[PDB]
């Protein structure tokens, strides 16, 4: 994926509720630093729903591709109220950005 395009998608669609940088603030949603390789619902210092804590999957490209297409379908009971990103290429670009931004 294209990280430059992914950053723009993040700003447009996600930044209302999330930060990505190390030590970045929790907003409506959790700060996402450290996301990849982590079990669902373990953002440090954030109060997740039981649903997000109990999904049990490991965040990576494939599980994010599915979640971000339709969050409530993947995690019924989530408090993330976001319709999803329909286009596969857009999710791929977004996820490439997240992979970079949440690990630097």
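Residue numbers count along the first chain shown, from 1.
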Mean temperature factor over C-alpha atoms, higher-scoring stretch between 46-54 and 73-81: 46-54
Taking the deposited Cα B-factors and averaging over 35-43 and over 64-72, the higher mean is found in 35-43
Consider only the C-alpha atoms of the modelled residues in this chain, order them by B-factor as the entry records it, and name the third containing residue 95: lowest, middle or highest. middle
So where's residue 13 on the chain's Cα temperature factor ranking, which third? middle
